[PDB]
Structure formats: C-alpha cells, structure tokens
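my_file.pdb, holding PDB, C-alpha atoms:
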MODEL        1
ATOM      1  CA  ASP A   1     -27.562  -9.072 -50.059  1.00  0.00           C
ATOM      2  CA  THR A   2     -31.337  -9.637 -50.218  1.00  0.00           C
ATOM      3  CA  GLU A   3     -33.678  -9.578 -47.229  1.00  0.00           C
ATOM      4  CA  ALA A   4     -36.341 -11.538 -49.150  1.00  0.00           C
ATOM      5  CA  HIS A   5     -34.775 -14.048 -51.540  1.00  0.00           C
ATOM      6  CA  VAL A   6     -37.020 -15.941 -53.958  1.00  0.00           C
ATOM      7  CA  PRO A   7     -35.815 -19.557 -54.376  1.00  0.00           C
ATOM      8  CA  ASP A   8     -34.485 -19.500 -57.920  1.00  0.00           C
ATOM      9  CA  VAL A   9     -35.087 -22.264 -60.443  1.00  0.00           C
ATOM     10  CA  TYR A  10     -31.293 -22.722 -60.425  1.00  0.00           C
ATOM     11  CA  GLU A  11     -31.215 -23.060 -56.615  1.00  0.00           C
ATOM     12  CA  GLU A  12     -32.500 -25.719 -54.221  1.00  0.00           C
ATOM     13  CA  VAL A  13     -33.151 -24.561 -50.659  1.00  0.00           C
ATOM     14  CA  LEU A  14     -31.208 -26.821 -48.302  1.00  0.00           C
ATOM     15  CA  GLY A  15     -32.457 -24.952 -45.246  1.00  0.00           C
ATOM     16  CA  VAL A  16     -32.342 -21.779 -43.179  1.00  0.00           C
ATOM     17  CA  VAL A  17     -29.623 -21.328 -40.556  1.00  0.00           C
ATOM     18  CA  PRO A  18     -30.236 -19.254 -37.405  1.00  0.00           C
ATOM     19  CA  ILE A  19     -27.496 -16.813 -36.479  1.00  0.00           C
ATOM     20  CA  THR A  20     -24.957 -18.312 -34.087  1.00  0.00           C
ATOM     21  CA  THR A  21     -24.200 -15.510 -31.634  1.00  0.00           C
ATOM     22  CA  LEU A  22     -21.388 -15.548 -29.071  1.00  0.00           C
ATOM     23  CA  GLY A  23     -21.997 -13.592 -25.886  1.00  0.00           C
ATOM     24  CA  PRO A  24     -19.417 -11.380 -24.190  1.00  0.00           C
ATOM     25  CA  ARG A  25     -18.384 -14.489 -22.216  1.00  0.00           C
ATOM     26  CA  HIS A  26     -18.447 -17.228 -24.839  1.00  0.00           C
ATOM     27  CA  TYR A  27     -16.452 -19.024 -27.494  1.00  0.00           C
ATOM     28  CA  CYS A  28     -17.223 -21.627 -30.140  1.00  0.00           C
ATOM     29  CA  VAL A  29     -14.967 -24.034 -32.022  1.00  0.00           C
ATOM     30  CA  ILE A  30     -15.983 -23.962 -35.689  1.00  0.00           C
ATOM     31  CA  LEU A  31     -15.195 -27.321 -37.247  1.00  0.00           C
ATOM     32  CA  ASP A  32     -14.282 -27.112 -40.940  1.00  0.00           C
ATOM     33  CA  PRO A  33     -14.282 -23.325 -41.573  1.00  0.00           C
ATOM     34  CA  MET A  34     -13.322 -21.695 -44.858  1.00  0.00           C
ATOM     35  CA  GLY A  35     -10.180 -19.680 -45.298  1.00  0.00           C
ATOM     36  CA  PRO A  36     -10.092 -16.507 -47.391  1.00  0.00           C
ATOM     37  CA  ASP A  37     -10.433 -18.648 -50.527  1.00  0.00           C
ATOM     38  CA  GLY A  38     -14.028 -19.484 -49.613  1.00  0.00           C
ATOM     39  CA  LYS A  39     -13.174 -23.207 -49.575  1.00  0.00           C
ATOM     40  CA  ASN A  40     -13.940 -25.474 -46.620  1.00  0.00           C
ATOM     41  CA  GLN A  41     -10.742 -26.117 -44.665  1.00  0.00           C
ATOM     42  CA  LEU A  42     -11.986 -29.408 -43.240  1.00  0.00           C
ATOM     43  CA  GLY A  43     -10.439 -30.977 -40.167  1.00  0.00           C
ATOM     44  CA  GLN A  44      -9.331 -27.578 -38.919  1.00  0.00           C
ATOM     45  CA  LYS A  45     -11.072 -25.817 -36.064  1.00  0.00           C
ATOM     46  CA  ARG A  46     -11.139 -22.083 -35.411  1.00  0.00           C
ATOM     47  CA  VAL A  47     -11.917 -20.768 -31.941  1.00  0.00           C
ATOM     48  CA  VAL A  48     -14.096 -17.664 -32.181  1.00  0.00           C
ATOM     49  CA  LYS A  49     -14.976 -15.418 -29.249  1.00  0.00           C
ATOM     50  CA  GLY A  50     -15.424 -11.786 -28.307  1.00  0.00           C
TER      51      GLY A  50
ATOM     52  CA  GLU B   1     -37.336   3.985 -13.504  1.00  0.00           C
ATOM     53  CA  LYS B   2     -37.307   3.219 -17.215  1.00  0.00           C
ATOM     54  CA  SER B   3     -40.294   1.953 -19.191  1.00  0.00           C
ATOM     55  CA  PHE B   4     -39.943   0.516 -22.692  1.00  0.00           C
ATOM     56  CA  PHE B   5     -41.593  -1.947 -25.070  1.00  0.00           C
ATOM     57  CA  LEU B   6     -40.210  -5.448 -25.598  1.00  0.00           C
ATOM     58  CA  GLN B   7     -38.981  -4.907 -29.126  1.00  0.00           C
ATOM     59  CA  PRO B   8     -39.345  -7.645 -31.773  1.00  0.00           C
ATOM     60  CA  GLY B   9     -36.731 -10.301 -31.008  1.00  0.00           C
ATOM     61  CA  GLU B  10     -35.988  -8.983 -27.520  1.00  0.00           C
ATOM     62  CA  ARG B  11     -36.868 -10.967 -24.404  1.00  0.00           C
ATOM     63  CA  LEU B  12     -36.301 -10.624 -20.673  1.00  0.00           C
ATOM     64  CA  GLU B  13     -33.858 -13.051 -19.068  1.00  0.00           C
ATOM     65  CA  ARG B  14     -35.911 -13.727 -15.922  1.00  0.00           C
ATOM     66  CA  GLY B  15     -38.283 -10.775 -16.173  1.00  0.00           C
ATOM     67  CA  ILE B  16     -38.489  -7.828 -13.807  1.00  0.00           C
ATOM     68  CA  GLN B  17     -37.169  -9.376 -10.604  1.00  0.00           C
ATOM     69  CA  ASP B  18     -35.999  -6.734  -8.081  1.00  0.00           C
ATOM     70  CA  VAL B  19     -33.028  -4.470  -7.423  1.00  0.00           C
ATOM     71  CA  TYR B  20     -30.260  -5.881  -5.233  1.00  0.00           C
ATOM     72  CA  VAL B  21     -30.419  -4.159  -1.845  1.00  0.00           C
ATOM     73  CA  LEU B  22     -27.720  -4.665   0.793  1.00  0.00           C
ATOM     74  CA  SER B  23     -27.343  -3.006   4.189  1.00  0.00           C
ATOM     75  CA  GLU B  24     -24.236  -2.574   6.349  1.00  0.00           C
ATOM     76  CA  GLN B  25     -24.582  -6.230   7.434  1.00  0.00           C
ATOM     77  CA  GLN B  26     -25.407  -7.483   3.921  1.00  0.00           C
ATOM     78  CA  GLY B  27     -23.145  -8.156   0.955  1.00  0.00           C
ATOM     79  CA  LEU B  28     -23.138  -9.412  -2.621  1.00  0.00           C
ATOM     80  CA  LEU B  29     -20.434 -12.004  -3.300  1.00  0.00           C
ATOM     81  CA  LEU B  30     -19.930 -11.529  -7.036  1.00  0.00           C
ATOM     82  CA  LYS B  31     -18.049 -13.570  -9.627  1.00  0.00           C
ATOM     83  CA  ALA B  32     -17.095 -11.606 -12.752  1.00  0.00           C
ATOM     84  CA  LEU B  33     -18.048 -13.971 -15.564  1.00  0.00           C
ATOM     85  CA  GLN B  34     -16.440 -11.469 -17.986  1.00  0.00           C
ATOM     86  CA  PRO B  35     -13.173  -9.577 -17.411  1.00  0.00           C
ATOM     87  CA  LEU B  36     -12.642  -5.799 -17.615  1.00  0.00           C
ATOM     88  CA  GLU B  37     -15.031  -4.519 -14.945  1.00  0.00           C
ATOM     89  CA  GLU B  38     -13.208  -1.184 -15.033  1.00  0.00           C
ATOM     90  CA  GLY B  39     -15.977   1.401 -15.421  1.00  0.00           C
ATOM     91  CA  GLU B  40     -18.894  -0.836 -14.460  1.00  0.00           C
ATOM     92  CA  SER B  41     -19.437   0.883 -11.091  1.00  0.00           C
ATOM     93  CA  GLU B  42     -17.961   3.663  -8.964  1.00  0.00           C
ATOM     94  CA  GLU B  43     -15.290   1.375  -7.495  1.00  0.00           C
ATOM     95  CA  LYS B  44     -13.122   1.873 -10.620  1.00  0.00           C
ATOM     96  CA  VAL B  45     -11.230  -1.340  -9.792  1.00  0.00           C
ATOM     97  CA  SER B  46     -10.839  -3.489 -12.911  1.00  0.00           C
ATOM     98  CA  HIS B  47     -12.073  -6.908 -11.834  1.00  0.00           C
ATOM     99  CA  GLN B  48     -10.749  -9.683 -14.045  1.00  0.00           C
ATOM    100  CA  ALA B  49     -12.685 -12.706 -15.312  1.00  0.00           C
ATOM    101  CA  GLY B  50     -14.105 -14.581 -12.353  1.00  0.00           C
ATOM    102  CA  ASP B  51     -12.206 -12.996  -9.468  1.00  0.00           C
TER     103      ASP B  51
ENDMDL
END
Please express the file's structure as structure tokens.
Amino acid sequence: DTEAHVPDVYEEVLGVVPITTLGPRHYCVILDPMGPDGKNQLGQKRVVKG
Amino acid sequence: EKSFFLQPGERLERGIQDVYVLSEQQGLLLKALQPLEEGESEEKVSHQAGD
C-alpha cells in the first residue's frame, strides 16, 4: 500500500511487526485469526504451513 | 565456484564451511527434514519427510 507511511494525525502507531515467515519445514498456529470478514475470530486457531 | 555479494537482508547460515566429500568407505546418513526429494539429486528417488 505505502512503503513509507507518515503517521497520520488520525492514527496512533501501536508498533511495527516483523514478518513471520514459515520455512519449507515449518508450521505456526495462529491464535485468534480473522476470517474473510476482517474480524478477529478469537479462540480459534489456524495452522499455517507450506 | 560461485561468487556473489551478501545482499541486503541475506545472511549465511554457518558461513562457507566445506563441501561434503565421501569416499567408497565413507557415507552421509541423511534425514530429509522436508518431503519430496524427487529431483534434488541424480538418484531420482523421492525421499519423504525424515526417512
């Protein structure tokens, strides 16, 4: 979207998140991931690999 | 015999160590930490994950 984003007056910077990368032999269990609605499906956990 | 530049963000795992050299009396007991070792080498045998 924007490689250099200026913190807007309407935005507070909570932090910067490093990319979580899964190797060819790796999986992670994402606690509380969104569905397609963009809303946090808490409690759930989605295993992501590959 | 390649020679490149460590690009921004890249890093060597353990650096330039050596090539693995085995004679008729030497072997390399390997564990395939990833499956689908089909075209990895000339053996063409598709080693699974960890065999």
task = For chain A, work out the contacting residues on chain B at 9 Å, counting all atoms listed in the file, and write them as a list in words.
result =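 Within 9 Å of chain A on chain B, we get residues 33, 34 and 35 of chain B.
Atom to atom, atom CA of residue 2 of chain A and atom CA of residue 45 of chain A stand 29.5 Å apart.
Residue nearest residue 32 of chain B, chosen from B:49, B:17, B:12, B:2 and counting all atoms listed in the file: B:49.
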request  = Kindly give the distance, in Å, that separates atom CA of residue 41 of chain A and atom CA of residue 22 of chain A, rounded to a single decimal.
outcome  =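 Atom CA of residue 41 of chain A sits 21.6 Å away from atom CA of residue 22 of chain A.
Using all atoms listed in the file for every distance, the candidate list A:9, A:4, A:30, A:16 yields A:30 as the residue closest to residue 47 of chain A.
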Near-residue 36 of chain B list (12 Å; all atoms listed in the file; drop same-chain fewer than 6 positions) as a list in words =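 Returned residues: residues 24 and 25 of chain A; 44, 45, 46, 47, 48, 49, 50 and 51 of chain B.
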Residues within 12 Å of residue 43 of chain A, only C-alpha atoms, excluding chain neighbours under 5 positions, as a PyMOL selection string = chain A and resi 29-34
Taking every listed atom of segment 4-16 of chain B and adding 8 Å to each side, what centre and edge lengths in Å (one decimal) does the axis-aligned box have, as lines of an AutoDock Vina configuration file?
center_x = -37.7
center_y = -6.6
center_z = -22.8
size_x = 23.7
size_y = 30.2
size_z = 34.0
